[PDB]
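Note sheet for the following structure.
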Amino acid sequence: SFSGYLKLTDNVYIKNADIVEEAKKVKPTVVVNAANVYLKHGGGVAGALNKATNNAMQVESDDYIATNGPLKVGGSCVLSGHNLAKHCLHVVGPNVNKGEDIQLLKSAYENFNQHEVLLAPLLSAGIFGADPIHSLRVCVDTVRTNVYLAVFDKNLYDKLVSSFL
């Protein structure tokens with residue numbers, strides 16, 4: 001199972017890890033992708049997860065979008081986890097860099113409550129432009145299921161743990 005996580009709350013855990021390497025090691029039931037509404041997995045966590053699937057995640061995602069249209073910001077869809085997990089929960093957090101409402105970050109985290117345990121990144125952090133300290137606070141105040149957070153950046157991981165209220 002999951003190893004080396006620091007416990008933040010009853011249900012939230014955190015580790016300085018590359019979520020791709022973590023997914024290949026654990027092969028969890030659910031890995032969360034930091035998706036955009038188009039499921040275009042170009043960069044950040046999405047680009048890295050998609051590259052690990054040899055682009056199979058992108059091919060599956062394009063078929064999903066062709067059938068269903070784009071997701072909503074704050075929304076999600078469940079697709080295959082390919083070689084990384086049983087399922088991938090593609091969750092769209094607001095992209096502050098695109099002028100999206102930061103208040104949608106709580107709606108984005110609510111999607112995690114439909115899964116008993118998840119391996120996940122901090123939503124809207126990184127190239128999505130939100131403050132990761134704010135993202136972690138929304139995570140612990142919104143998610144009630146067991147969430148194992150992988151924070152790639154060591155310096156950000158240290159700042160998140162040392163500032164956690």
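Going through the structure tokens in order, the chains are called A, B, and so on, while each chain numbers its residues from 1 and the ligands are numbered from 1 in the order shown.
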
When you look at residue 11 of chain A with a cut-off of 12 Å (counting only C-alpha atoms), what residues show up, excluding the ones that are within fewer than 2 positions of it in the same chain? I need them as a list in words.
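Skipping anything fewer than 2 positions along the chain leaves residues 5, 6, 7, 8, 9, 13, 14, 112, 113, 116, 117, 118, 139, 140, 141, 142, 143, 144, 145, 146, 147, 148 and 149 of chain A.
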
Got a sec: who's within 12 Å of segment 23-27 of chain A, counting only C-alpha atoms, leaving out chain neighbours fewer than 3 positions off, as an NGL selection string?
:A and (1-4 or 17-20 or 30-33 or 45 or 48-49 or 52-53 or 81-88 or 118-121 or 148-150)

Can you tell me how far atom CA of residue 135 of chain A sits from atom CA of residue 111 of chain A, in Å to one decimal?
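If I compute the distance from atom CA of residue 135 of chain A to atom CA of residue 111 of chain A, I get 14.4 Å.
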
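With distances restricted to only C-alpha atoms, A:73 is the closest residue to residue 36 of chain A from A:133, A:89, A:73, A:122.
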
Pick out the residues sitting within 6 Å of residue 75 of chain A, and hand them over as a ChimeraX atom specification; count only C-alpha atoms, and ignore anything fewer than 6 positions along from it in its own chain.
/A:91-92,108

Could you go through segment 2-165 of chain A and tell me which residues DSSP, when run on the backbone, assigns to strand (DSSP E or B), listing them as a short mmCIF file (atom, residue, chain, number, x, y, z; two decimals) with N, CA, C and O atoms, in the first residue's frame?
data_model
loop_
_atom_site.label_atom_id
_atom_site.label_comp_id
_atom_site.auth_asym_id
_atom_site.auth_seq_id
_atom_site.Cartn_x
_atom_site.Cartn_y
_atom_site.Cartn_z
N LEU A 6 3.24 11.68 5.48
CA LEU A 6 3.04 12.39 6.73
C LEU A 6 1.53 12.56 6.87
O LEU A 6 0.84 12.96 5.93
N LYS A 7 1.01 12.28 8.07
CA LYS A 7 -0.41 12.41 8.32
C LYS A 7 -0.72 13.84 8.67
O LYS A 7 -0.12 14.37 9.61
N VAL A 12 -6.27 13.05 5.54
CA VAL A 12 -5.38 13.64 4.54
C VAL A 12 -3.93 13.33 4.87
O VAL A 12 -3.50 13.56 6.00
N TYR A 13 -3.17 12.79 3.90
CA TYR A 13 -1.76 12.40 4.04
C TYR A 13 -0.95 13.11 2.95
O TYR A 13 -1.52 13.47 1.92
N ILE A 14 0.35 13.33 3.16
CA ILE A 14 1.14 14.08 2.17
C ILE A 14 2.55 13.54 2.08
O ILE A 14 3.11 13.10 3.08
N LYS A 15 3.11 13.52 0.87
CA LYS A 15 4.47 13.01 0.66
C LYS A 15 5.14 13.81 -0.44
O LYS A 15 4.47 14.28 -1.36
N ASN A 16 6.46 13.99 -0.36
CA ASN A 16 7.20 14.67 -1.43
C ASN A 16 7.51 13.55 -2.42
O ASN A 16 8.35 12.69 -2.14
N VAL A 30 -7.53 4.62 -7.45
CA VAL A 30 -7.77 5.88 -8.12
C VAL A 30 -6.57 6.79 -8.06
O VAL A 30 -6.09 7.12 -6.97
N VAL A 31 -6.13 7.26 -9.22
CA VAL A 31 -5.16 8.33 -9.30
C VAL A 31 -5.91 9.56 -9.83
O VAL A 31 -6.68 9.44 -10.79
N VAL A 32 -5.76 10.73 -9.19
CA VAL A 32 -6.38 11.95 -9.65
C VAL A 32 -5.47 12.65 -10.63
O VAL A 32 -4.28 12.80 -10.38
N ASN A 33 -6.03 13.10 -11.76
CA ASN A 33 -5.30 13.91 -12.70
C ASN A 33 -5.75 15.36 -12.54
O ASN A 33 -6.94 15.64 -12.38
N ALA A 34 -4.78 16.30 -12.63
CA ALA A 34 -5.03 17.73 -12.62
C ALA A 34 -5.37 18.09 -14.08
O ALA A 34 -4.54 18.55 -14.86
N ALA A 35 -6.63 17.84 -14.44
CA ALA A 35 -7.11 17.98 -15.81
C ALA A 35 -7.59 19.38 -16.15
O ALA A 35 -7.87 20.18 -15.26
N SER A 76 -15.55 16.63 -12.94
CA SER A 76 -14.67 15.50 -13.09
C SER A 76 -15.29 14.41 -13.96
O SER A 76 -16.49 14.42 -14.23
N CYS A 77 -14.47 13.49 -14.37
CA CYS A 77 -14.92 12.27 -14.99
C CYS A 77 -13.98 11.14 -14.59
O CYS A 77 -12.78 11.35 -14.32
N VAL A 78 -14.52 9.92 -14.56
CA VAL A 78 -13.75 8.72 -14.25
C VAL A 78 -13.41 8.00 -15.55
O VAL A 78 -14.31 7.65 -16.32
N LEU A 79 -12.13 7.82 -15.80
CA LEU A 79 -11.67 7.08 -16.97
C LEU A 79 -10.69 5.98 -16.50
O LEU A 79 -10.49 5.79 -15.29
N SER A 80 -10.08 5.25 -17.43
CA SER A 80 -9.14 4.21 -17.06
C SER A 80 -7.88 4.81 -16.44
O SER A 80 -7.46 5.92 -16.78
N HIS A 87 -8.41 3.27 -11.98
CA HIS A 87 -9.11 4.40 -12.57
C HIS A 87 -8.32 5.67 -12.44
O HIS A 87 -7.51 5.83 -11.53
N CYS A 88 -8.59 6.61 -13.36
CA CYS A 88 -8.08 7.95 -13.24
C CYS A 88 -9.28 8.86 -13.08
O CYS A 88 -10.17 8.87 -13.94
N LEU A 89 -9.31 9.62 -11.97
CA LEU A 89 -10.35 10.61 -11.78
C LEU A 89 -9.78 11.94 -12.30
O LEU A 89 -8.88 12.53 -11.67
N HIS A 90 -10.24 12.39 -13.47
CA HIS A 90 -9.79 13.63 -14.08
C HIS A 90 -10.57 14.73 -13.43
O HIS A 90 -11.79 14.81 -13.62
N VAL A 91 -9.91 15.56 -12.61
CA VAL A 91 -10.61 16.64 -11.91
C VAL A 91 -10.15 17.99 -12.41
O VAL A 91 -8.94 18.19 -12.51
N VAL A 92 -11.08 18.90 -12.75
CA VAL A 92 -10.71 20.22 -13.22
C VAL A 92 -10.76 21.25 -12.11
O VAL A 92 -11.84 21.65 -11.70
N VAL A 117 -10.58 6.05 -1.39
CA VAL A 117 -9.17 6.35 -1.25
C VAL A 117 -8.63 6.81 -2.60
O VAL A 117 -8.95 6.22 -3.63
N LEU A 118 -7.80 7.85 -2.57
CA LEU A 118 -7.23 8.38 -3.81
C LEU A 118 -5.77 8.80 -3.62
O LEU A 118 -5.40 9.32 -2.56
N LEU A 119 -4.98 8.67 -4.68
CA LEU A 119 -3.64 9.24 -4.79
C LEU A 119 -3.89 10.52 -5.61
O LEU A 119 -4.48 10.42 -6.69
N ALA A 120 -3.45 11.70 -5.13
CA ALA A 120 -3.79 12.94 -5.82
C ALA A 120 -2.76 13.99 -5.75
O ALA A 120 -2.01 14.04 -4.79
N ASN A 146 -10.15 9.19 2.13
CA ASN A 146 -8.70 9.10 2.37
C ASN A 146 -7.91 9.58 1.18
O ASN A 146 -7.93 8.93 0.13
N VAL A 147 -7.25 10.75 1.29
CA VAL A 147 -6.50 11.31 0.17
C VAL A 147 -5.01 11.37 0.47
O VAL A 147 -4.60 11.95 1.48
N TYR A 148 -4.21 10.74 -0.40
CA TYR A 148 -2.76 10.67 -0.30
C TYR A 148 -2.22 11.65 -1.32
O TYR A 148 -2.30 11.41 -2.52
N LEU A 149 -1.72 12.80 -0.84
CA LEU A 149 -1.25 13.86 -1.70
C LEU A 149 0.21 13.69 -2.05
O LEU A 149 1.04 13.56 -1.16
N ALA A 150 0.54 13.74 -3.34
CA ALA A 150 1.92 13.68 -3.79
C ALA A 150 2.34 15.10 -4.24
O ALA A 150 1.71 15.66 -5.16
N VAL A 151 3.34 15.71 -3.57
CA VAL A 151 3.80 17.05 -3.92
C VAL A 151 5.17 16.87 -4.52
O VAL A 151 6.07 16.37 -3.84
#

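In this model, the gap between atom CA of residue 60 of chain A and atom CA of residue 39 of chain A comes to 9.6 Å.
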
I need the residues in segment 35-160 of chain A that are helix (DSSP H, G or I) according to DSSP; give them as an MDAnalysis selection string.
chainID A and resid 44:52 56:68 96:98 104:114 126:128 132:142 154:160

Straight-line distance linking atom CA of residue 72 of chain A with atom CA of residue 129 of chain A, stated in Å to one decimal
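Result for atom CA of residue 72 of chain A versus atom CA of residue 129 of chain A: 18.0 Å, one decimal.
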
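Closest approach to residue 59 of chain A from the set A:41, A:115, A:106, A:134 is made by A:41, with distances taken over only C-alpha atoms.
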
Might you pull out every residue within 12 Å of residue 100 of chain A, with only C-alpha atoms counted and same-chain residues fewer than 3 positions away left off, and present them as a PyMOL selection string?
chain A and resi 36-37+72-74+92-97+103-105+124+128-130

Please produce a file of the residues just selected, as a CSV table (one decimal), in the first residue's frame, where the atoms kept are N, CA, C and O atoms.
chain,number,residue,atom,x,y,z
A,36,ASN,N,-7.7,19.7,-17.5
A,36,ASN,CA,-8.4,20.9,-17.9
A,36,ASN,C,-9.8,20.3,-18.5
A,36,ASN,O,-9.9,19.1,-18.7
A,37,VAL,N,-10.7,21.3,-18.8
A,37,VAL,CA,-12.0,20.9,-19.3
A,37,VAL,C,-12.0,20.1,-20.6
A,37,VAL,O,-12.9,19.4,-20.9
A,72,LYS,N,-16.8,20.7,-16.9
A,72,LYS,CA,-17.0,22.0,-16.3
A,72,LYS,C,-15.8,22.2,-15.4
A,72,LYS,O,-15.3,21.3,-14.9
A,73,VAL,N,-15.4,23.5,-15.2
A,73,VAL,CA,-14.4,23.8,-14.2
A,73,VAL,C,-15.0,23.5,-12.9
A,73,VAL,O,-16.2,23.9,-12.6
A,74,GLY,N,-14.3,22.6,-12.1
A,74,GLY,CA,-14.9,22.1,-10.8
A,74,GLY,C,-15.4,20.7,-10.9
A,74,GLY,O,-15.8,20.1,-10.0
A,92,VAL,N,-11.1,18.9,-12.8
A,92,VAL,CA,-10.7,20.2,-13.2
A,92,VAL,C,-10.8,21.2,-12.1
A,92,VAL,O,-11.8,21.6,-11.7
A,93,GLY,N,-9.6,21.7,-11.6
A,93,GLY,CA,-9.6,22.8,-10.7
A,93,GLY,C,-9.5,24.1,-11.5
A,93,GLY,O,-9.1,24.1,-12.7
A,94,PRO,N,-9.9,25.2,-10.9
A,94,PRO,CA,-9.8,26.5,-11.6
A,94,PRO,C,-8.4,26.8,-12.0
A,94,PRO,O,-7.5,26.6,-11.2
A,95,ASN,N,-8.1,27.3,-13.1
A,95,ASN,CA,-6.8,27.8,-13.6
A,95,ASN,C,-6.9,29.3,-13.4
A,95,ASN,O,-7.5,30.0,-14.1
A,96,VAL,N,-6.2,29.7,-12.3
A,96,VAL,CA,-6.1,31.1,-12.0
A,96,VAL,C,-5.4,31.9,-13.2
A,96,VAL,O,-5.7,33.0,-13.5
A,97,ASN,N,-4.4,31.2,-13.8
A,97,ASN,CA,-3.7,31.8,-15.0
A,97,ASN,C,-4.6,32.1,-16.2
A,97,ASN,O,-4.3,32.9,-17.0
A,103,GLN,N,-13.0,30.2,-6.2
A,103,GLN,CA,-14.1,29.6,-5.4
A,103,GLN,C,-14.5,28.2,-5.9
A,103,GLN,O,-15.0,27.4,-5.1
A,104,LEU,N,-14.2,27.9,-7.2
A,104,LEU,CA,-14.5,26.6,-7.8
A,104,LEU,C,-13.5,25.5,-7.3
A,104,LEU,O,-13.7,24.3,-7.6
A,105,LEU,N,-12.5,25.8,-6.5
A,105,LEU,CA,-11.5,24.8,-6.1
A,105,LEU,C,-12.2,23.9,-5.1
A,105,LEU,O,-12.0,22.7,-5.1
A,124,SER,N,-5.3,22.8,-8.7
A,124,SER,CA,-5.0,24.2,-9.0
A,124,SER,C,-3.6,24.7,-8.7
A,124,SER,O,-3.3,25.9,-8.9
A,128,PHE,N,-1.4,25.7,-12.8
A,128,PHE,CA,-2.8,26.2,-12.6
A,128,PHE,C,-2.8,27.6,-11.9
A,128,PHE,O,-3.8,28.2,-11.9
A,129,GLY,N,-1.7,27.9,-11.3
A,129,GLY,CA,-1.5,29.3,-10.7
A,129,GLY,C,-2.1,29.6,-9.3
A,129,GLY,O,-1.9,30.8,-8.9
A,130,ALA,N,-2.8,28.7,-8.7
A,130,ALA,CA,-3.3,29.0,-7.3
A,130,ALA,C,-2.2,28.9,-6.3
A,130,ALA,O,-1.2,28.2,-6.5

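Closest to residue 44 of chain A among A:125, A:65, A:165, A:156 is A:125, based on only C-alpha atoms.
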
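Distances to residue 43 of chain A were evaluated for A:102, A:126, A:160, A:28 using only C-alpha atoms, and the minimum falls at A:126.
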